[PDB]
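Remarks on the structure that follows.
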2 protein chains.
Amino acid sequence: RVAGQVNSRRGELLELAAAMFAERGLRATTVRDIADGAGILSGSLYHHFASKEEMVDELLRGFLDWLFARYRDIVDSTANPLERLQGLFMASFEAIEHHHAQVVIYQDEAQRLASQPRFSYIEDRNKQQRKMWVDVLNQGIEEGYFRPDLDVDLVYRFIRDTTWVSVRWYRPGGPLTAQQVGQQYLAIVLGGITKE
Amino acid sequence: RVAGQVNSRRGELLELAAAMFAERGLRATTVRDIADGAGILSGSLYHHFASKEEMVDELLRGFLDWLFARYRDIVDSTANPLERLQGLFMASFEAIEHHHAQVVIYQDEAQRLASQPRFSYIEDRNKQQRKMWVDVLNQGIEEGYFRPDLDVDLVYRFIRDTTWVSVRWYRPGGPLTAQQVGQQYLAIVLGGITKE
Ligand SMILES: CC(C)(COP(=O)(O)OP(=O)(O)OC[C@H]1O[C@@H](n2cnc3c(N)ncnc32)[C@H](O)[C@@H]1OP(=O)(O)O)[C@@H](O)C(=O)NCCC(=O)NCCSC(=O)CC[C@@H]1C(=O)CC[C@]2(C)C(=O)CC[C@@H]12
Ligand SMILES: CC(C)(COP(=O)(O)OP(=O)(O)OC[C@H]1O[C@@H](n2cnc3c(N)ncnc32)[C@H](O)[C@@H]1OP(=O)(O)O)[C@@H](O)C(=O)NCCC(=O)NCCSC(=O)CC[C@@H]1C(=O)CC[C@]2(C)C(=O)CC[C@@H]12
Ligand SMILES: [Cl-]
Ligand SMILES: [Cl-]
Ligand SMILES: [Cl-]
Ligand SMILES: [Cl-]
Ligand SMILES: [Cl-]
Ligand SMILES: [Cl-]
Ligand SMILES: [Cl-]
Ligand SMILES: [Cl-]
């Protein structure tokens, strides 16, 4: 549930914090609020984390390490750029389904946090997934899977935005799973970028 | 530049306020900040607006009245659902190009403000444009322009999100106009929802 943690007590507390951060906002949530939510003294919460910033650092690193490990496995296991693009696209929806709070915290806070040295990895990961997308789009154009005159930066931003921003409306209690939503978004994107 | 105002002094001040709200955030901006920006006393700014909330009310009403008047003209002047959908889609990009601050303020604040009686029109307009999109998608499916099994609510949210969220990255100083970006986003959406 919390990407990059295990079922340890720390992991339990980070899950509770992530839910609070996602619901209330990071800057609206204190260590005291989290401790109250857990039924513990603040001092006991401070036996697991040095600060709230450290909690958010553990949440975002865990999420990004999980997501980029998925991306690595997808890139390595797919046989051509069309398959690869399909799997990379669906991973956004896997993230929304299973790590919803982390996705929301990323989208609400990562751009702001990225100027702090503690969060220098947010820009590193941003560049890395952009290069990943540009490379699969270029290879798909070069081999004739995708339409030849597509502007790959534009299509990258289209894909990034389309898929990830669905976290703002997707409700896990609703009738469709995130995978079903992703499949339908994918069908549209593929109709629009494949050749023929 | 400010949708729904004219080049009056009020209009000049609302433009300055909109830019500040979009840049700094509404709750981070005071009437004093705006007055300082304009070179006037707060008391003189209070000869044009009763409060900051009234400024935001004038900005969002002006924007929405402008946008929904565009939508009305597009619906009435297009000859079939495919043409109509093309024109409605491009209007998002016209809004981003020419009323950028208003779009940003909407996306940053309208959901929060909508629970206040002053902003009861935000939900009215939300329902209205959703019905507009669902109706054009249904008619296009019924007449064979669009793929027959599309989930129209899903495609509505896909279209709404795709296009409007590009305000978060689009820079007016950049090489592409918003119209060029819109045209390319449209080509992808049409490849993905048209029949054949
Ligand atoms: C405040 C709005 C109008 C809320 O939209 P909405 O009332 O559609 O709520 P939603 O959270 O987007 O979607 C909830 C629906 O998702 C459906 N849903 C949930 N999970 C499931 C599930 N698992 N299975 C199936 N179904 C499910 C759920 O059923 C539900 O259905 P409904 O009651 O209509 O039947 C909206 O602006 C917004 O912030 N929406 C959240 C999405 C969002 O932020 N996206 C980012 C880009 S979208 C955007 O900013 C457009 C602003 C656009 C613009 O900027 C200018 C002004 C505009 C044109 C307007 O007047 C209105 C729209 C305005
Ligand atoms: C903090 C990010 C990573 C910033 O992205 P980026 O560095 O691409 O900046 P940008 O503002 O999106 O795009 C700037 C580019 O637009 C281009 N541009 C500007 N205007 C023009 C013009 N007029 N002509 C042509 N070109 C132009 C401009 O040139 C420039 O180019 P570049 O320096 O790369 O060459 C991004 O998350 C974000 O907030 N981006 C703003 C768009 C946005 O909020 N979209 C909403 C949904 S996108 C989203 O939330 C994805 C989060 C996604 C996710 O949630 C989980 C974690 C993820 C996978 C990551 O690690 C990174 C992405 C993460
Ligand atoms: Cl994990
Ligand atoms: Cl890696
Ligand atoms: Cl393109
Ligand atoms: Cl499923
Ligand atoms: Cl106007
Ligand atoms: Cl109207
Ligand atoms: Cl569909
Ligand atoms: Cl142009």
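Basis: the model, the stated rules and, where named, an outside source; no laboratory read-out is quoted. Positions of Cβ are backbone-derived with ideal geometry, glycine not excepted, and every protein chain shown enters the neighbour counts.
Which residue is nearest to A:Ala95 (Cα to Cα), if the candidates are limited to the stretch A:130-166 and must be in a helix (DSSP H, G or I) and of a type in the set (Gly, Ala, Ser)? So that I can check it myself, show each step before the final result.
Residues of the stretch A:130-166 that are in a helix (DSSP H, G or I), as a first pass: A:130-143, A:152-166.
Next, from what is left, pick out any that are of a type in the set (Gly, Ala, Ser): A:140, A:166.
Numbers: A:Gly140: 24, A:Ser166: 11 Å.
Across the stretch A:130-166, the extreme among qualifying residues is A:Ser166.
Check B:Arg130, B:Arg84, B:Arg70, B:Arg112 and return the single one that is more than 16 Å from ligand 4 (Cβ to nearest atom), within 14 Å of chain A (Cβ to nearest Cβ) and under 16 Å from B:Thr163 (Cβ atoms). Spell out the reasoning first.
Values: B:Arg84 fails: within 14 Å of chain A (Cβ to nearest Cβ); B:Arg70 fails: within 14 Å of chain A (Cβ to nearest Cβ); B:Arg112 fails: under 16 Å from B:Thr163 (Cβ atoms).
Being more than 16 Å from ligand 4 (Cβ to nearest atom), within 14 Å of chain A (Cβ to nearest Cβ) and under 16 Å from B:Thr163 (Cβ atoms) holds for just one of B:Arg130, B:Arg84, B:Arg70, B:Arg112, which is B:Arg130.
Would you check which residues across the stretch A:69-84 are among the aliphatic types (A, V, I, L, M) and either assigned to a loop (DSSP other than H, G, I, E, B) or closer than 13 Å to A:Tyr185 by Cα (or both) and list them?
A:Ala79, the sole residue that qualifies.
If the requirement is being surrounded by fewer than 19 Cβ atoms within 10 Å (Cβ to Cβ), within 22 Å of B:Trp169 (Cβ to Cβ) and in contact with a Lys or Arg (Cβ under 9 Å, 6 or more places away or on another chain), which of these qualifies: A:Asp161, A:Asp153?
The match here is A:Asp153.
Would the stretch A:142-149 turn up any residue that is within 15 Å of ligand 2 (Cβ to nearest atom) and crowded, with 19+ Cβ neighbours inside 10 Å?
no
Which condition number in (1) among the aliphatic types (A, V, I, L, M); (2) part of a helix (DSSP H, G or I); (3) closer than 21 Å to A:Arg160 by Cα; (4) within 16 Å of ligand 2 (Cβ to nearest atom) is the one that B:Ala95 fails?
The number of the failed condition is (3).
Out of the residues in the stretch B:72-111 that are hydroxyl-bearing (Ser, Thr, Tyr) and either touching a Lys or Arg at 6+ places or on another chain (Cβ under 9 Å) or surrounded by fewer than 17 Cβ atoms within 10 Å (Cβ to Cβ) (or both), state the one that is farthest from B:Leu13 (Cα to Cα).
The selected residue is B:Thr78.
Any idea which of (1) hydrophobic (A, V, I, L, M, F, W, C); (2) within 23 Å of B:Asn126 (Cβ to Cβ); (3) not assigned by CATH to the domain that holds B:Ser120 is the one B:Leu45 doesn't satisfy?
With respect to (1) hydrophobic (A, V, I, L, M, F, W, C); (2) within 23 Å of B:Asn126 (Cβ to Cβ); (3) not assigned by CATH to the domain that holds B:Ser120, B:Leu45 is out only on (2).
Count, please, the residues in the stretch B:167-190 that happen to be outside any helix (DSSP H, G or I), in contact with a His (Cβ under 9 Å, 6 or more places away or on another chain) and either buried (at least 18 other Cβ atoms within 10 Å of the Cβ) or within 7 Å of another protein chain (Cβ to nearest Cβ) (or both).
1
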